[PDB]
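Following: one structure in structure tokens, then a few remarks.
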Amino acid sequence: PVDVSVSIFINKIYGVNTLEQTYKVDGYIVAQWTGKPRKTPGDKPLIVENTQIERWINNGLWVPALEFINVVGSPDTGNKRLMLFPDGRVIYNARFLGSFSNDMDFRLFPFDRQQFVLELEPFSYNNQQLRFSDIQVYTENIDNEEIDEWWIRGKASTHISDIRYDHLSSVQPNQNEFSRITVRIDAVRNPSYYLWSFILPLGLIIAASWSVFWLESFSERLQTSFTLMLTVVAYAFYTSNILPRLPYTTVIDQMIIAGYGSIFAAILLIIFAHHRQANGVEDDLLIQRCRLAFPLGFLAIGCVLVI
Amino acid sequence: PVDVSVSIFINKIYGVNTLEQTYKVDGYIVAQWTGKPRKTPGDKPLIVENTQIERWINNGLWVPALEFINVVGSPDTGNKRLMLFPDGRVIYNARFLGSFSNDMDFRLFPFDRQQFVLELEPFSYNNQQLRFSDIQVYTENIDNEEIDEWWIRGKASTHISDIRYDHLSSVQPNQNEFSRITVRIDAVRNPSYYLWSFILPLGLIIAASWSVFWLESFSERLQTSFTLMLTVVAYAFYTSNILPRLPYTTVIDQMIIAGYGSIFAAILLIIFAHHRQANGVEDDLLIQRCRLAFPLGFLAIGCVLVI
Amino acid sequence: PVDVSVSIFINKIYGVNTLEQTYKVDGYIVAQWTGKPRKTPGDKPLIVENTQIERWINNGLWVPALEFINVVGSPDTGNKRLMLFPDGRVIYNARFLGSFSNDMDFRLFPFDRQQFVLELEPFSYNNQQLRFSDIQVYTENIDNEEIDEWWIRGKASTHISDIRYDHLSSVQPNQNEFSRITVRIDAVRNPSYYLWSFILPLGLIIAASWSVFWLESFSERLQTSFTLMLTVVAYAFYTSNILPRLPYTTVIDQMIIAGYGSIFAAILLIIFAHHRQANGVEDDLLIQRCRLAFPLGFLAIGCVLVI
Amino acid sequence: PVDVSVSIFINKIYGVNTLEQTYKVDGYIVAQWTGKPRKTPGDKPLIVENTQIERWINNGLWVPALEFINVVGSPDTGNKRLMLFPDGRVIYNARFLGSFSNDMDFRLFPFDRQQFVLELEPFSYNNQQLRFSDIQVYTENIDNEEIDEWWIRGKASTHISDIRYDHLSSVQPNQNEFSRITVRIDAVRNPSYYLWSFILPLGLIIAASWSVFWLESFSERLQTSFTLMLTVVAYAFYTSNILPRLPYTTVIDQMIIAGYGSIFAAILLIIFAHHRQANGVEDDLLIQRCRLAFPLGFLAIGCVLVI
Amino acid sequence: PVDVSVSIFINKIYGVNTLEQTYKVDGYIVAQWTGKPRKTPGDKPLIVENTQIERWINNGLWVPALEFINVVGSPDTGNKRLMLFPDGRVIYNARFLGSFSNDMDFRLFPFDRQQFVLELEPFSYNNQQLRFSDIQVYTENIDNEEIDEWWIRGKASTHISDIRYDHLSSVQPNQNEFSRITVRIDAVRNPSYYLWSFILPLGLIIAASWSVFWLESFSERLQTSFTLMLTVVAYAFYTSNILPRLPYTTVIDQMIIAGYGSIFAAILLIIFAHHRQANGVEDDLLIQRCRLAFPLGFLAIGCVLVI
Ligand code: NA
Ligand code: NA
């Protein structure tokens with residue numbers, strides 16, 4: 032095969048969309064291989080810019096196509112340089128930009144720890160005609176700098192693997208496996224905004240719904256529970272544009288569900304307390320002892336849910 | 032005709048839009064036919080990449096156009112390989128991406144069972160000049176993996192049919208029918224998020240509206256019913272961005288309508304109960320027996336609506 | 032002139048945007064005229080596909096440009112076939128897709144009856160050098176099938192007219208009028224979703240605002256009227272993303288205005304009833320007789336507004 | 032210089048975005064100058080269509096570039112005709128579409144009177160090599176027809192001026208000033224929808240907040256004022272998607288601010304009235320005389336704000 | 032190297048998106064260098080327009096590529112002029128438009144003071160083959176004019192620096208550092224709309240939550256605090272589309288948090304006041320002295336938060 036070396040530079044990572052589970056990466060790509068020696072004007076290396084490289088392509092120069100596997104839509108490419116050293120090596124420098132997608136788990140919403148994946152693979156040649164030797168990723172711009180709500184940590188891990196595509200086996204008998212470069216950038220979500228925007232106001236609404244039991248009569252605390260129901264519905268709205276639809280439950284949605292359960296349990300408990308009077312003579316305080324036991328059990332439920 | 036074999040590979044299915052009734056599919060398409068034997072440099076097959084295939088097209092090579100019938104907009108094509116074996120067969124490999132639309136019924140919203148359809152058809156040649164022999168679809172990437180809220184099950188069924196277009200009969204006398212490939216991927220919606228987001232809170236609001244009848248006087252339970260009306264209006268909003276406009280009623284909208292009917296029936300029943308006093312001496316408890324009969328009838332209504 | 036025949040096929044009509052007053056139409060266009068006899072390889076007709084037709088255009092072939100007058104943006108064209116019979120006729124087949132706009136009246140919102148208009152006109156030649164003979168529109172796909180909330184009825188009416196453009200009269204002395212094809216598809220809005228989403232809940236809120244008059248004291252029914260005011264404001268929001276800004280009033284906005292008028296009339300009537308006491312001794316029941324007259328007058332107002 | 036005459040035809044003006052302060056204009060542009068006499072096939076004028084004009088451009092024909100100065104993004108051009116009379120004049124007909132921006136003042140929101148501006152200017156040649164002689168604008172399609180909420184009045188005024196660009200003075204010593212065509216279409220906003228959607232419901236909320244003073248005790252009218260506060264907050268939302276952020280205040284936002292001021296002034300006045308009792312014996316009616324003076328002063332404030 | 036002079040003209044700055052932290056800049060770019068003397072038709076300088084410059088590029092003319100480093104997506108370029116003086120200098124004039132991004136700090140939201148940065152850098156040549164001599168930026172259009180909510184002050188500062196890219200060091204041994212032009216436009220946010228839209232209504236809600244303590248009994252002031260809680264939740268929504276997610280807290284979000292803290296502190300204080308009665312005989316006024324001390328402490332907290 033023809034040995035190809037890749038050097039991916041990353042300019043910035045921006046536009047992290049946690050709802051669509053995509054992110055947008057800017058930077059440059061530098062491929063480099065070795066071919067037959069050629070003649071260039073003078074000892075200086077030759078530069079071929081964009082919209083004129085096609086003359087060299089039709090002239091007979093072997094130039095591979097690099098595509099990104101996990102991209103959404105076409106990569107919005109810009110400039111492309113094909114510079115030619117006269118000793119033989121051909122360097123293809125291009126600027127890439129596109130929306131990349133990943134699995135992006137959400138088992139813990141506010142304290143999330145994710146990774147950003149770039150997968151690079153030639154479109155045409157299998158690994159017996161183009162093998163990737165190595166990649167060095169220079170993430171010097173975003174090495175320890177904070178992007179939106181994400182605090183990037185560590186270097187970018189590199190890997191080379193041989194992926195196999197079975198759909199090409201109808202036309203290629205044996206040699207139909209492709210060279211993979213995957214580039215991983217670990218990213219940890221910064222939980223501060225969520226900490227002072229959702230989990231603390233929801234806990235305070237939980238305490239306000241706890242404080243229903245301190246009342247003295249029926250209709251006043253039913254109206255208190257109903258106007259607490261309305262504001263729990265209000266916080267049920269604000270999470271609709273913060274995470275997508277998930278099969279499981281995150282921290283915030285479990286807290287919403289716990290709030291609904293606590294308020295309707297309080298309403299059912301007060302309804303049962305009023306229903307305890309068979310003839311309208313019995314006082315209702317014996318079941319009203321959960322002023323100092325419902326918060327303890329709810330705290331225990333939260334403590335179990337933490338671990 | 033010229034026999035053409037298709038092998039569609041599917042990379043991922045993403046961006047399922049249940050409101051616009053479209054979905055976006057990434058993957059590759061591999062067409063293959065057989066032509067006259069040709070001379071290639073060496074015994075190796077020849078590779079022609081993108082933006083240089085037009086030289087072979089103007090040079091005189093017969094290369095069909097594959098279009099997707101059910102696509103929204105132009106398919107955002109990327110790379111395209113035309114590789115040439117020297118024995119005669121010509122292989123057209125291309126990467127396709129676009130928004131496909133389907134009928135996408137919504138008789139049951141949270142427990143939906145849909146399918147994803149890809150329809151492939153040549154743009155120019157009728158079946159007497161291009162007949163599709165077979166298709167093998169390799170859905171190995173999404174075979175049993177979960178995409179957003181959709182849990183994909185089974186393989187992808189394949190079919191070949193001859194569709195007929197009457198609009199072309201003005202220029203072609205008899206032979207004006209086209210070759211169809213349809214590819215079907217069955218998909219079942221995962222009902223968990225809806226189960227703990229809409230149907231359970233709405234049932235709890237239904238029980239809260241049931242609990243109006245336990246009060247003792249007029250204005251307190253009218254205010255209770257009105258503040259329950261307000262939060263049913265609040266849940267009437269949250270469904271406005273979850274399904275499109277439908278002629279029929281789904282489960283969730285029938286539950287909204289049932290909630291409105293139950294609350295206004297309670298208000299009318301209490302209004303009638305107060306209106307029962309002709310001279311202000313009659314007690315109002317005889318019609319107030321629906322504390323243990325309105326939930327039973329409402330449960331029966333729900334049970335009828337289930338089947 | 033050169034006689035041109037058009038056969039427009041319509042694949043589907045989708046993405047009906049009632050706010051922007053545009054709609055998106057997919058399908059094919061087939062133009063056909065007659066020219067000088069030519070020589071083709073063999074007795075079979077010649078096929079010229081996309082991205083190679085420009086060789087025949089620069090070679091000297093007369094091929095008109097068909098544009099859509101009422102389009103928003105450029106029509107997102109795809110494939111284009113120029114097939115050549117050897118007897119002389121030249122057929123230009125193209126696939127068109129774009130957002131078309133129309134007047135789209137809204138005098139009755141839920142029971143709307145609209146039409147979809149496609150206007151076709153050559154860009155360059157006036158009717159003395161290109162005259163449209165006839166059009167046959169094959170709307171076989173959407174002939175009696177329901178698209179989103181629109182139930183399409185009937186065939187598509189056809190017309191040929193000669194439109195005149197005065198702006199071209201500065202450069203052409205007399206012959207400056209163009210050939211028009213307009214294609215009309217009548218469409219009736221299906222009122223079911225609106226019937227069980229807006230007009231019925233609003234009428235029930237109207238009845239709830241009627242039920243204010245059954246109370247016995249002041250502040251309780253003022254609070255009842257205010258919490259009904261809040262939910263009428265809540266329904267004033269839901270119509271903000273269903274129709275655009277109109278100079279006139281539809282059914283639903285007239286019902287909103289009637290709800291505001293009824294609630295504030297009830298508040299003013301109760302304020303006047305309390306203000307009737309000059310010295311705090313007079314009872315307030317004489318003006319409170321509108322329990323059985325305000326619904327009758329409001330029903331009469333609705334009955335007048337219907338016709 | 033070379034004298035150029037322009038005839039701009041306007042098809043429709045649509046998509047008026049009052050938030051982004053842009054609007055979208057469809058129509059055609061017709062440039063015309065005079066050059067050397069040429070030979071054409073026959074006495075008929077020659078027509079050159081799109082995607083073949085570049086042969087005449089590379090062949091040596093002088094064809095200027097017309098750009099729109101106030102455009103947002105590139106103008107989405109479509110067809111372009113370059114027709115050649117054999118006497119010498121060369122006519123460049125093109126179809127233009129793009130988002131144009133203007134200052135778009137908002138001192139009076141519902142009774143706005145704006146204008147739509149098209150600025151046309153050559154990209155390359157200064158006025159000593161291309162001078163615009165005149166423009167005639169044919170606004171016959173939208174001459175007295177209503178677009179969305181805008182009622183277009185009058186003709187379109189025309190102007191020719193010589194704009195000067197200082198940034199080009201580094202490379203051109205003296206002659207560096209360009210020819211301007213500005214085309215102005217006056218447009219008056221139709222205030223009906225706003226009249227029955229915002230200013231009337233807000234005045235009715237103002238009257239409802241006036242009616243707090245008719246109560247007899249404390250907590251009932253505090254709760255009345257608070258539930259009026261909530262619905263004034265509700266109307267504070269609906270204006271967030273109707274106008275952009277402005278440094279000044281429009282009519283509707285001044286009415287919101289007046290509503291907040293009136294409600295909190297009522298709350299402070301009632302708080303002061305309750306605080307007037309030093310020992311709990313004094314009656315609170317002397318300061319409660321603003322039942323018939325607060326509306327008069329508020330009407331006077333509105334009357335001052337009108338002029 | 033080849034000395035290049037740049038003159039950037041700025042037409043307007045529009046579409047400032049404070050959520051995505053990007054802004055869109057229109058204007059022109061004028062590059063200029065000096066090459067070998069050439070022959071042109073006549074003594075006049077030669078003009079080469081768009082879509083014909085590629086003939087001169089393939090003909091052998093050295094023309095650099097100018098890219099913007101901090102751009103989001105490809106710059107939506109339009110026309111491009113390459114004018115040739117016959118003495119030797121070659122001028123490349125182009126029109127640029129794109130979304131540029133910057134750090135855009137938000138430590139003070141309503142009284143923000145930001146800057147707009149344009150970074151220009153050649154794509155291919157390092158500073159030993161293309162060195163930027165100077166830039167003069169002509170910001171004459173937006174010199175002291177107000178764009179949306181931003182009041183632009185001062186001139187645009189200019190700078191030339193030599194940036195170094197390590198990712199290119201794999202292919203270039205020593206000389207791998209690029210020439211930077213950065214152009215800075217200082218911009219101050221106009222705080223008026225925020226002043227009368229958020230900070231004043233929130234302070235008035237704060238005073239309304241202060242006025243809870245003037246009541247006489249329990250359930251009335253609990254209901255007052257709960258209906259104030261609901262409208263603080265309502266203002267918690269309106270800030271969700273005004274700034275993005277930030278790790279820190281701005282002025283408005285600190286005011287929201289202070290409002291939540293004050294209301295729940297009032298609820299806890301009243302709960303403690305009711306809980307002070309061990310046997311139901313003690314009066315609750317001793318802890319109710321914060322009618323004139325809670326506003327003072329809250330004002331002190333605000334005063335500390337200001338500096
Ligand atoms: Na909303
Ligand atoms: Na009460």
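Just so you know, the sequences run in chain order X, H, V, Y and P. Position in the first sequence (first residue = 1) + 31 = full-length UniProt numbering. Position in the second sequence (first residue = 1) + 31 = full-length UniProt numbering. Position in the third sequence (first residue = 1) + 31 = full-length UniProt numbering. Position in the fourth sequence (first residue = 1) + 31 = full-length UniProt numbering. Position in the fifth sequence (first residue = 1) + 31 = full-length UniProt numbering. From the three backbone atoms N, C-alpha and C, an ideal C-beta is built for every residue, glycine too.
Nearest-angstrom Cα separation, counted from residue j out to residue i
i	j	result
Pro-326/Y	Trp-241/Y	7 Å
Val-282/Y	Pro-232/P	18 Å
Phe-131/V	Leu-253/P	57 Å
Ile-78/X	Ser-201/Y	30 Å
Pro-106/Y	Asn-110/P	11 Å
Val-214/P	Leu-161/P	19 Å
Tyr-156/X	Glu-80/H	10 Å
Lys-55/P	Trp-181/P	14 Å
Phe-116/V	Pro-204/H	13 Å
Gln-83/Y	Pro-72/Y	17 Å
Residue i, enclosing beta strand (DSSP E) - first and last residue
i	result
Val-33/H	33-48
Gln-146/H	144-153
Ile-191/Y	188-195
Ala-289/X	Premise fails: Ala-289/X lies in the alpha helix (DSSP H), 282-306, not in any beta strand (DSSP E).
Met-114/P	111-115
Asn-124/X	120-132
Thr-53/V	53-65
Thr-213/P	208-220
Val-79/P	77-79
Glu-98/X	97-99
Nearest neighbour of residue i, chosen from the options [CA to CA]
i	options	result
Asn-90/V	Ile-332/Y, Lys-67/Y, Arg-86/Y	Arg-86/Y
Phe-127/X	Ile-39/X, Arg-220/X, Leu-50/X	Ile-39/X
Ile-41/V	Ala-125/V, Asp-314/V, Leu-316/V	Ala-125/V
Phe-140/Y	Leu-277/Y, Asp-314/Y, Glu-313/Y, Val-335/Y	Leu-277/Y
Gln-146/X	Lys-186/X, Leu-323/X, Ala-96/X	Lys-186/X
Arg-322/H	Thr-270/H, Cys-334/H, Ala-238/H	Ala-238/H
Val-168/X	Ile-236/X, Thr-262/X, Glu-150/X, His-305/X	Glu-150/X
Extent of the continuous alpha helix (DSSP H) run through residue i
i	result
residue 343/V	Because residue 343/V is not part of the residues shown, which for chain V are 32 to 338, the question remains open.
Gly-333/V	325-337
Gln-160/Y	Note, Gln-160/Y: premise wrong, no alpha helix (DSSP H); not H, not E.
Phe-257/P	249-269
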